[PDB]
$ cat upload.cif   # mmCIF, C-alpha atoms and all ligand atoms
data_query
loop_
_atom_site.label_atom_id
_atom_site.label_comp_id
_atom_site.auth_asym_id
_atom_site.auth_seq_id
_atom_site.Cartn_x
_atom_site.Cartn_y
_atom_site.Cartn_z
CA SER Z 1 3.76 -119.86 -98.31
CA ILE Z 2 1.56 -122.60 -96.87
CA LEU Z 3 4.22 -123.22 -94.21
CA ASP Z 4 3.54 -119.73 -92.84
CA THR Z 5 0.05 -120.97 -91.95
CA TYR Z 6 0.99 -123.58 -89.35
CA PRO Z 7 3.57 -124.06 -86.55
CA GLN Z 8 7.03 -124.95 -87.85
CA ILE Z 9 8.50 -125.43 -84.37
CA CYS Z 10 8.30 -128.82 -82.65
CA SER Z 11 7.29 -129.27 -79.04
CA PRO Z 12 10.15 -128.61 -76.62
CA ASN Z 13 9.47 -132.13 -75.34
CA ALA Z 14 10.64 -133.63 -78.63
CA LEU Z 15 13.83 -135.48 -79.55
CA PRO Z 16 17.04 -133.58 -80.36
CA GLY Z 17 17.70 -132.35 -83.90
CA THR Z 18 14.05 -131.38 -84.40
CA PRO Z 19 12.88 -127.86 -85.42
CA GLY Z 20 13.22 -125.52 -82.45
CA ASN Z 21 15.29 -128.01 -80.43
CA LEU Z 22 18.63 -127.73 -82.20
CA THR Z 23 22.10 -127.48 -80.69
CA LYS Z 24 24.42 -124.75 -81.98
CA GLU Z 25 26.29 -127.18 -84.23
CA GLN Z 26 23.03 -128.50 -85.67
CA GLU Z 27 21.84 -124.96 -86.44
CA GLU Z 28 25.09 -124.27 -88.29
CA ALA Z 29 24.83 -127.58 -90.17
CA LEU Z 30 21.29 -126.72 -91.30
CA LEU Z 31 22.46 -123.33 -92.58
CA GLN Z 32 25.31 -124.97 -94.51
CA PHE Z 33 23.06 -127.73 -95.86
CA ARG Z 34 20.54 -125.23 -97.23
CA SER Z 35 23.30 -123.07 -98.69
CA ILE Z 36 24.69 -126.03 -100.63
CA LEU Z 37 21.30 -127.07 -102.01
CA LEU Z 38 20.47 -123.51 -103.07
CA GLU Z 39 23.78 -123.23 -104.90
CA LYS Z 40 22.90 -126.48 -106.71
CA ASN Z 41 19.73 -124.72 -107.91
CA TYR Z 42 17.16 -126.40 -105.66
CA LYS Z 43 14.29 -124.16 -104.58
CA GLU Z 44 11.41 -126.27 -103.25
CA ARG Z 45 11.28 -128.25 -100.00
CA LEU Z 46 14.15 -126.31 -98.41
CA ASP Z 47 12.20 -125.45 -95.24
CA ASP Z 48 13.70 -126.22 -91.80
CA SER Z 49 11.37 -129.15 -91.15
CA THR Z 50 12.11 -130.88 -94.46
CA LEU Z 51 15.86 -130.28 -94.32
CA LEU Z 52 16.12 -131.38 -90.70
CA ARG Z 53 14.37 -134.66 -91.56
CA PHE Z 54 17.18 -135.43 -94.01
CA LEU Z 55 19.90 -134.24 -91.63
CA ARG Z 56 18.60 -136.43 -88.80
CA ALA Z 57 18.38 -139.35 -91.25
CA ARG Z 58 22.11 -139.05 -91.83
CA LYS Z 59 23.22 -137.95 -88.35
CA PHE Z 60 23.94 -134.43 -89.60
CA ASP Z 61 26.59 -135.69 -92.05
CA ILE Z 62 26.04 -132.82 -94.48
CA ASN Z 63 27.40 -134.43 -97.65
CA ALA Z 64 25.47 -137.66 -97.00
CA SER Z 65 22.32 -135.57 -96.45
CA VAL Z 66 22.90 -133.69 -99.70
CA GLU Z 67 23.15 -137.02 -101.55
CA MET Z 68 19.95 -138.27 -99.94
CA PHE Z 69 18.07 -135.06 -100.76
CA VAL Z 70 19.36 -134.93 -104.33
CA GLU Z 71 18.33 -138.55 -104.92
CA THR Z 72 14.92 -137.95 -103.36
CA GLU Z 73 14.22 -134.95 -105.58
CA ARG Z 74 15.19 -137.13 -108.56
CA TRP Z 75 12.85 -139.93 -107.50
CA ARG Z 76 9.89 -137.62 -106.79
CA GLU Z 77 10.17 -136.36 -110.35
CA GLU Z 78 10.68 -139.75 -112.02
CA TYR Z 79 7.94 -141.46 -110.00
CA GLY Z 80 5.56 -138.52 -110.29
CA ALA Z 81 5.21 -138.04 -106.53
CA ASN Z 82 5.09 -134.28 -107.15
CA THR Z 83 1.82 -134.51 -109.09
CA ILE Z 84 0.33 -137.64 -107.53
CA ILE Z 85 -2.43 -135.72 -105.74
CA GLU Z 86 -3.32 -133.66 -108.82
CA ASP Z 87 -3.40 -136.74 -111.06
CA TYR Z 88 -5.69 -138.45 -108.56
CA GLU Z 89 -8.16 -135.55 -108.55
CA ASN Z 90 -8.26 -135.67 -112.36
CA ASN Z 91 -9.31 -139.34 -112.34
CA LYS Z 92 -10.99 -139.47 -108.92
CA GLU Z 93 -14.02 -141.57 -109.87
CA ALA Z 94 -12.02 -144.50 -111.23
CA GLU Z 95 -9.49 -144.44 -108.39
CA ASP Z 96 -12.14 -144.10 -105.68
CA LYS Z 97 -13.93 -147.17 -107.00
CA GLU Z 98 -10.73 -149.21 -106.78
CA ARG Z 99 -10.10 -148.22 -103.15
CA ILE Z 100 -13.69 -149.04 -102.27
CA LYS Z 101 -13.26 -152.52 -103.77
CA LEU Z 102 -10.27 -153.16 -101.50
CA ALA Z 103 -11.33 -151.30 -98.35
CA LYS Z 104 -13.26 -154.15 -96.69
CA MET Z 105 -10.62 -156.79 -97.38
CA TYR Z 106 -7.73 -154.48 -96.48
CA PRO Z 107 -8.80 -151.81 -93.95
CA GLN Z 108 -6.50 -148.75 -93.99
CA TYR Z 109 -7.74 -145.70 -92.08
CA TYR Z 110 -6.79 -142.75 -89.92
CA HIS Z 111 -8.74 -142.25 -86.71
CA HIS Z 112 -8.00 -139.20 -84.57
CA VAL Z 113 -4.51 -138.74 -83.06
CA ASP Z 114 -2.18 -140.02 -80.35
CA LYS Z 115 -1.33 -138.17 -77.12
CA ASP Z 116 1.26 -136.06 -78.95
CA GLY Z 117 -1.09 -135.04 -81.74
CA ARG Z 118 0.27 -137.41 -84.39
CA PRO Z 119 -2.26 -138.69 -86.94
CA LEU Z 120 -3.31 -142.19 -85.81
CA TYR Z 121 -3.18 -144.72 -88.65
CA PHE Z 122 -4.65 -148.25 -88.57
CA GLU Z 123 -4.23 -151.19 -90.96
CA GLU Z 124 -5.98 -154.55 -90.58
CA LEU Z 125 -4.38 -157.42 -92.51
CA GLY Z 126 -6.34 -160.46 -91.35
CA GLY Z 127 -9.01 -160.31 -94.04
CA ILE Z 128 -6.56 -160.33 -96.93
CA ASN Z 129 -6.74 -163.22 -99.40
CA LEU Z 130 -3.81 -162.69 -101.77
CA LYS Z 131 -5.45 -164.53 -104.67
CA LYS Z 132 -8.57 -162.37 -104.41
CA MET Z 133 -6.62 -159.20 -103.71
CA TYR Z 134 -4.45 -159.48 -106.81
CA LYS Z 135 -7.58 -159.74 -108.96
CA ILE Z 136 -8.47 -156.17 -108.04
CA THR Z 137 -5.04 -154.56 -107.72
CA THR Z 138 -1.38 -155.10 -108.59
CA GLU Z 139 1.65 -154.84 -106.30
CA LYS Z 140 2.88 -151.65 -107.95
CA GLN Z 141 -0.61 -150.18 -107.68
CA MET Z 142 -0.64 -150.80 -103.91
CA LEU Z 143 2.78 -149.18 -103.64
CA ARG Z 144 1.56 -146.10 -105.49
CA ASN Z 145 -1.45 -145.97 -103.18
CA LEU Z 146 0.91 -145.84 -100.18
CA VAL Z 147 2.96 -143.07 -101.78
CA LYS Z 148 -0.24 -141.13 -102.42
CA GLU Z 149 -1.11 -141.49 -98.75
CA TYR Z 150 2.34 -140.20 -97.81
CA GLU Z 151 1.66 -137.11 -99.90
CA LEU Z 152 -1.85 -136.61 -98.46
CA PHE Z 153 -0.33 -136.96 -94.97
CA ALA Z 154 2.20 -134.20 -95.60
CA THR Z 155 -0.23 -131.96 -97.51
CA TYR Z 156 -3.37 -132.15 -95.38
CA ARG Z 157 -2.84 -134.09 -92.17
CA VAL Z 158 0.40 -132.46 -91.00
CA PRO Z 159 -0.87 -128.87 -91.30
CA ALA Z 160 -4.22 -129.57 -89.60
CA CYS Z 161 -2.69 -131.56 -86.74
CA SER Z 162 0.09 -129.01 -86.23
CA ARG Z 163 -2.44 -126.17 -85.96
CA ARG Z 164 -4.45 -128.26 -83.48
CA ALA Z 165 -1.46 -129.20 -81.33
CA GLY Z 166 0.06 -125.71 -81.41
CA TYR Z 167 3.38 -127.09 -82.64
CA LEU Z 168 4.81 -128.93 -85.65
CA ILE Z 169 3.74 -132.54 -86.16
CA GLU Z 170 5.76 -134.41 -88.78
CA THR Z 171 5.21 -138.08 -87.95
CA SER Z 172 2.43 -140.63 -87.52
CA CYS Z 173 1.48 -143.26 -84.95
CA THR Z 174 0.73 -146.55 -86.71
CA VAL Z 175 -1.05 -149.69 -85.51
CA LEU Z 176 -0.87 -152.81 -87.70
CA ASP Z 177 -3.41 -155.43 -86.65
CA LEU Z 178 -2.34 -158.88 -87.83
CA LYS Z 179 -5.25 -160.74 -86.24
CA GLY Z 180 -6.22 -163.59 -88.52
CA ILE Z 181 -3.09 -163.81 -90.67
CA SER Z 182 -0.97 -166.93 -91.00
CA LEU Z 183 2.80 -166.92 -90.46
CA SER Z 184 2.98 -168.39 -93.96
CA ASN Z 185 1.44 -165.37 -95.69
CA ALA Z 186 3.67 -163.03 -93.70
CA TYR Z 187 6.75 -164.66 -95.25
CA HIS Z 188 5.08 -164.69 -98.66
CA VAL Z 189 4.70 -160.90 -98.84
CA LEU Z 190 8.32 -160.16 -97.96
CA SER Z 191 9.07 -158.82 -101.44
CA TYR Z 192 6.26 -156.26 -101.13
CA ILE Z 193 7.45 -155.24 -97.66
CA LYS Z 194 10.90 -154.74 -99.17
CA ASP Z 195 9.53 -152.38 -101.84
CA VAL Z 196 7.65 -150.39 -99.20
CA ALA Z 197 10.73 -150.11 -96.99
CA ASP Z 198 12.96 -149.03 -99.87
CA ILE Z 199 10.73 -146.12 -100.89
CA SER Z 200 9.93 -145.17 -97.30
CA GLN Z 201 13.48 -145.37 -95.90
CA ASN Z 202 15.12 -143.52 -98.77
CA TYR Z 203 12.54 -140.89 -99.71
CA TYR Z 204 10.45 -140.34 -96.58
CA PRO Z 205 13.02 -139.88 -93.82
CA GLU Z 206 11.94 -139.30 -90.23
CA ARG Z 207 8.24 -139.82 -90.90
CA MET Z 208 7.82 -142.68 -88.43
CA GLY Z 209 6.74 -141.66 -84.94
CA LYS Z 210 5.42 -144.85 -83.34
CA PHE Z 211 4.76 -148.22 -84.98
CA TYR Z 212 2.90 -151.02 -83.20
CA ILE Z 213 2.24 -154.50 -84.54
CA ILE Z 214 -0.54 -156.31 -82.70
CA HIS Z 215 -2.18 -159.75 -82.78
CA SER Z 216 0.83 -161.13 -84.66
CA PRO Z 217 1.03 -164.94 -85.02
CA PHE Z 218 3.42 -167.10 -83.01
CA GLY Z 219 6.83 -166.89 -84.64
CA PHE Z 220 6.21 -163.47 -86.16
CA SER Z 221 9.20 -161.88 -84.38
CA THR Z 222 11.39 -164.40 -86.18
CA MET Z 223 9.79 -163.49 -89.50
CA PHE Z 224 10.39 -159.82 -88.67
CA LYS Z 225 14.13 -160.49 -88.56
CA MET Z 226 13.85 -160.92 -92.34
CA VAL Z 227 12.56 -157.36 -92.58
CA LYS Z 228 15.20 -155.68 -90.40
CA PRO Z 229 17.90 -155.74 -93.12
CA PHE Z 230 15.61 -153.42 -95.10
CA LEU Z 231 15.26 -151.06 -92.14
CA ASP Z 232 17.71 -148.79 -90.35
CA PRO Z 233 18.30 -149.48 -86.64
CA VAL Z 234 16.64 -146.14 -85.79
CA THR Z 235 13.47 -147.31 -87.51
CA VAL Z 236 13.61 -150.73 -85.85
CA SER Z 237 13.82 -149.00 -82.47
CA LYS Z 238 10.42 -147.43 -83.13
CA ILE Z 239 8.65 -150.67 -84.07
CA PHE Z 240 7.08 -152.62 -81.20
CA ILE Z 241 5.55 -156.08 -81.51
CA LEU Z 242 2.98 -156.33 -78.69
CA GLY Z 243 1.52 -159.40 -76.98
CA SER Z 244 -1.56 -160.11 -74.83
CA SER Z 245 -1.31 -156.85 -72.85
CA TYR Z 246 -1.26 -154.63 -75.95
CA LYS Z 247 -4.47 -152.79 -75.00
CA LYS Z 248 -2.92 -151.22 -71.89
CA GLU Z 249 0.30 -150.66 -73.82
CA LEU Z 250 -1.51 -148.70 -76.56
CA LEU Z 251 -3.23 -146.54 -73.93
CA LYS Z 252 0.14 -145.17 -72.81
CA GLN Z 253 0.43 -143.55 -76.24
CA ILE Z 254 -3.17 -142.92 -77.33
CA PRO Z 255 -6.09 -141.25 -75.49
CA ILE Z 256 -8.67 -143.87 -74.59
CA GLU Z 257 -11.36 -141.70 -76.23
CA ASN Z 258 -9.49 -141.86 -79.55
CA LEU Z 259 -8.80 -145.61 -79.61
CA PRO Z 260 -11.44 -147.91 -81.19
CA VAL Z 261 -13.32 -150.16 -78.75
CA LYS Z 262 -11.92 -153.39 -80.24
CA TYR Z 263 -8.37 -152.19 -79.55
CA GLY Z 264 -8.98 -151.23 -75.93
CA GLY Z 265 -10.51 -147.78 -76.22
CA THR Z 266 -14.02 -146.35 -76.24
CA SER Z 267 -14.10 -144.66 -79.65
CA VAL Z 268 -17.21 -145.18 -81.83
CA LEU Z 269 -18.53 -143.71 -85.10
CA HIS Z 270 -21.43 -141.22 -85.11
CA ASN Z 271 -23.46 -143.70 -87.14
CA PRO Z 272 -23.12 -147.13 -85.50
CA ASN Z 273 -23.78 -148.82 -88.85
CA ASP Z 274 -20.75 -147.23 -90.51
CA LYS Z 275 -17.47 -149.06 -91.14
CA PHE Z 276 -14.03 -148.01 -89.91
CA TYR Z 277 -12.56 -149.07 -93.26
CA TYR Z 278 -14.46 -146.24 -95.01
CA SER Z 279 -13.64 -143.64 -92.36
CA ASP Z 280 -11.19 -140.76 -92.22
CA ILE Z 281 -11.89 -138.89 -88.98
CA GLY Z 282 -9.44 -136.37 -87.56
CA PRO Z 283 -8.32 -132.70 -87.19
CA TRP Z 284 -8.02 -132.49 -91.00
CA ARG Z 285 -11.85 -132.64 -91.02
CA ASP Z 286 -12.22 -129.71 -88.60
CA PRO Z 287 -12.93 -126.30 -90.24
CA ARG Z 288 -10.97 -124.58 -87.48
CA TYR Z 289 -7.76 -126.34 -88.49
CA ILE Z 290 -8.06 -126.58 -92.28
CA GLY Z 291 -5.97 -123.87 -93.92
CA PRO Z 292 -5.26 -122.58 -97.46
CA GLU Z 293 -4.32 -126.11 -98.55
CA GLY Z 294 -8.03 -126.91 -98.56
CA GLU Z 295 -9.79 -129.97 -97.20
CA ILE Z 296 -8.35 -133.40 -97.94
CA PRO Z 297 -10.21 -135.22 -100.73
CA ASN Z 298 -12.53 -138.08 -99.76
CA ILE Z 299 -10.54 -141.20 -100.60
CA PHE Z 300 -13.57 -143.49 -100.35
CA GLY Z 301 -15.82 -141.32 -102.50
CA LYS Z 302 -19.47 -141.22 -101.43
CA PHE Z 303 -18.76 -143.96 -98.89
CA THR Z 304 -16.33 -141.80 -96.91
CA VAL Z 305 -17.25 -141.58 -93.23
CA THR Z 306 -16.02 -138.25 -91.85
CA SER Z 307 -17.74 -138.52 -88.47
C1 LIG Z 401 0.15 -156.98 -100.16
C2 LIG Z 401 -0.24 -157.07 -98.68
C3 LIG Z 401 0.85 -156.45 -97.79
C4 LIG Z 401 0.48 -156.58 -96.31
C5 LIG Z 401 1.58 -156.00 -95.43
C6 LIG Z 401 1.76 -154.50 -95.69
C7 LIG Z 401 2.85 -153.91 -94.78
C8 LIG Z 401 2.94 -152.40 -94.96
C9 LIG Z 401 1.72 -151.80 -94.65
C10 LIG Z 401 1.61 -150.42 -94.50
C11 LIG Z 401 2.70 -149.59 -94.65
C12 LIG Z 401 2.87 -148.69 -93.42
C13 LIG Z 401 3.96 -147.64 -93.66
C14 LIG Z 401 4.17 -146.76 -92.43
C15 LIG Z 401 5.15 -145.62 -92.72
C16 LIG Z 401 5.47 -144.83 -91.46
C17 LIG Z 401 6.28 -143.57 -91.77
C18 LIG Z 401 7.55 -143.87 -92.57
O1 LIG Z 401 7.52 -143.89 -93.80
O2 LIG Z 401 8.72 -144.08 -91.92
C19 LIG Z 401 9.80 -144.31 -92.84
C20 LIG Z 401 10.12 -145.80 -92.93
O3 LIG Z 401 8.95 -146.52 -93.36
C21 LIG Z 401 9.23 -147.84 -93.55
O4 LIG Z 401 10.36 -148.27 -93.34
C22 LIG Z 401 8.12 -148.77 -94.05
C23 LIG Z 401 8.23 -150.17 -93.46
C24 LIG Z 401 7.99 -150.17 -91.95
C25 LIG Z 401 7.96 -151.59 -91.38
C26 LIG Z 401 6.87 -152.43 -92.04
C27 LIG Z 401 6.71 -153.78 -91.34
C28 LIG Z 401 5.65 -154.63 -92.05
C29 LIG Z 401 5.42 -155.95 -91.30
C30 LIG Z 401 4.53 -156.89 -92.11
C31 LIG Z 401 4.34 -158.21 -91.35
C32 LIG Z 401 3.72 -159.29 -92.23
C33 LIG Z 401 2.31 -158.93 -92.70
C34 LIG Z 401 1.75 -160.06 -93.56
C35 LIG Z 401 0.31 -159.78 -94.00
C36 LIG Z 401 -0.23 -160.92 -94.85
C37 LIG Z 401 -1.67 -160.66 -95.29
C38 LIG Z 401 -2.21 -161.82 -96.13
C39 LIG Z 401 11.03 -143.55 -92.35
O5 LIG Z 401 11.49 -144.11 -91.12
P1 LIG Z 401 12.20 -143.18 -90.01
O6 LIG Z 401 12.74 -144.07 -88.96
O7 LIG Z 401 11.23 -142.13 -89.63
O8 LIG Z 401 13.42 -142.49 -90.81
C40 LIG Z 401 14.61 -143.23 -91.09
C41 LIG Z 401 15.16 -142.82 -92.47
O9 LIG Z 401 14.17 -143.08 -93.46
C42 LIG Z 401 16.43 -143.61 -92.78
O10 LIG Z 401 16.96 -143.17 -94.03
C43 LIG Z 401 17.49 -143.40 -91.70
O11 LIG Z 401 18.62 -144.23 -91.98
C44 LIG Z 401 16.93 -143.77 -90.32
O12 LIG Z 401 17.92 -143.48 -89.32
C45 LIG Z 401 15.67 -142.96 -90.02
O13 LIG Z 401 15.99 -141.57 -90.02
#
$ encode --input "upload.cif" --output "structure tokens"
Amino acid sequence: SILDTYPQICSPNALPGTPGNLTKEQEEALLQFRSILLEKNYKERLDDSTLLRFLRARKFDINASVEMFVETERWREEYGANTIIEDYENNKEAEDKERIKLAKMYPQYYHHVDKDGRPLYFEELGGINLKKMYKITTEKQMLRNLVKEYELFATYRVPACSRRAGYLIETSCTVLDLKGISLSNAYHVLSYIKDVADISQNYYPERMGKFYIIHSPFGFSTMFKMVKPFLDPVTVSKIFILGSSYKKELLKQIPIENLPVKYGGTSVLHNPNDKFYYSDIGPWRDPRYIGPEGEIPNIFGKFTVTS
């Protein structure tokens, strides 16, 4: 299968319970977990990486992991996550135009990788005007866009980055820039954040590698306490709200050459006139690391900056 075309073993320097770094009891639990799912007639997504993500999400409690997997398979089918990429490619023009309309006001882009080879994802929220934003998109539409990105990440970004790093990469490094937002709006979008967390926590286990929140407004940490009840403590332990020294802090995790100049690095686009909010630069754009899955589609249509 496609999995035979890229490393399925994590770096030996990874956390416990990850592919290739299992204890004897974890190996036995994985074998039992798969056996149960197969006997329940499941066939897809039974690979070590996928199954270990669920097992880690439930501390290797096999029955709890079976419940989580069973419910996820249900959701993927009811929500259409299994055909989200195909459906997109069958109505690409219309969908591309929508993303282009929102790109400048709500930058969302991947730009290279972190020191461990994880896709580096950036979001800028300071230019968002809710009134204007909801004239172009709906809340559910934004949620579906995020789910589509989750699928593109697993389908195209994971394989390319794993082949580049020489080992399995299953998580991302995220940087949320809140420069320009008001504490007020942060509280006002809590319901959306809750929807994102619900889908992400329950159906996309162990996908978070690093998560930084920068340029947050005074009092944001207090506002964040409202979000914690929607997140597991493991997830919370991977989210870091940085202050004035964030530039140096980011450089501990990301190569300076990969980090955009405005965030403390020296990274620039081949064409100085291009915009980061139309870019999608990374290993998934390198012929050497693109496999049988094919190259990722250009989410910003003709405006997509791939270099
Ligand atoms: C409409 C505008 C919205 C903007 C504001 C939009 C905010 C959202 C923007 C972008 C979304 C980014 C999503 C990033 C996803 C990263 C990967 C991921 O999905 O990780 C998954 C979780 O993803 C999430 O929880 C998504 C939510 C993360 C925190 C988001 C904080 C947002 C802060 C917003 C601040 C306020 C902004 C205001 C902006 C105002 C602008 C005017 C899995 O986590 P992980 O730890 O790997 O495994 C879990 C497992 O799953 C659980 O089962 C187990 O119990 C537990 O033990 C672990 O095993």
$ residues_around --input "upload.cif" --residues "residue 109 in chain Z" --least-positions-apart "5" --cutoff "10 Å" --atoms "all atoms listed in the file" --output "PyMOL selection string"
chain Z and resi 103+120-124+276-281
$ closest_residue --input "upload.cif" --among "Z:178, Z:10, Z:146, Z:29" --to "residue 116 in chain Z" --atoms "only C-alpha atoms"
Z:10
$ residues_around --input "upload.cif" --residues "residue 127 in chain Z" --least-positions-apart "2" --cutoff "12 Å" --atoms "all atoms listed in the file" --output "list in words"
residues 102, 103, 104, 105, 106, 107, 108, 123, 124, 125, 129, 130, 131, 132, 133, 177, 178, 179, 180, 181, 182, 185 and 277 of chain Z
$ residues_near_ligand --input "upload.cif" --ligand "ligand LIG 401 (chain Z)" --cutoff "7 Å" --atoms "only C-alpha atoms and all ligand atoms" --output "JSON, numbers by chain"
{"Z": [56, 57, 58, 123, 125, 126, 128, 129, 130, 139, 146, 171, 172, 174, 178, 181, 185, 186, 187, 189, 192, 193, 196, 197, 200, 201, 202, 203, 204, 205, 206, 207, 208, 209, 224, 227, 231, 232, 233, 234, 235]}
$ closest_residue --input "upload.cif" --among "Z:188, Z:148, Z:302, Z:157" --to "residue 118 in chain Z" --atoms "all atoms listed in the file"
Z:157
$ axis_aligned_box --input "upload.cif" --around "range 48-63 of chain Z" --padding-each-side "4 Å" --output "lines of an AutoDock Vina configuration file"
center_x = 19.4
center_y = -132.8
center_z = -93.0
size_x = 24.0
size_y = 21.1
size_z = 17.3
$ residues_around --input "upload.cif" --residues "residue 115 in chain Z" --least-positions-apart "6" --cutoff "6 Å" --atoms "all atoms listed in the file" --output "PDB file with C-alpha atoms, in the coordinates of the input"
ATOM      1  CA  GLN Z 253       0.430-143.550 -76.240  1.00  0.00           C
ATOM      2  CA  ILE Z 254      -3.170-142.920 -77.330  1.00  0.00           C
ATOM      3  CA  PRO Z 255      -6.090-141.250 -75.490  1.00  0.00           C
TER       4      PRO Z 255
END
$ atom_distance --input "upload.cif" --atom1 "CA of residue 98 in chain Z" --atom2 "CA of residue 217 in chain Z"
29.3 Å
$ residues_around --input "upload.cif" --residues "residue 1 in chain Z" --least-positions-apart "4" --cutoff "12 Å" --atoms "all atoms listed in the file" --output "list in words"
residues 5, 6, 44, 45, 47, 291, 292 and 293 of chain Z
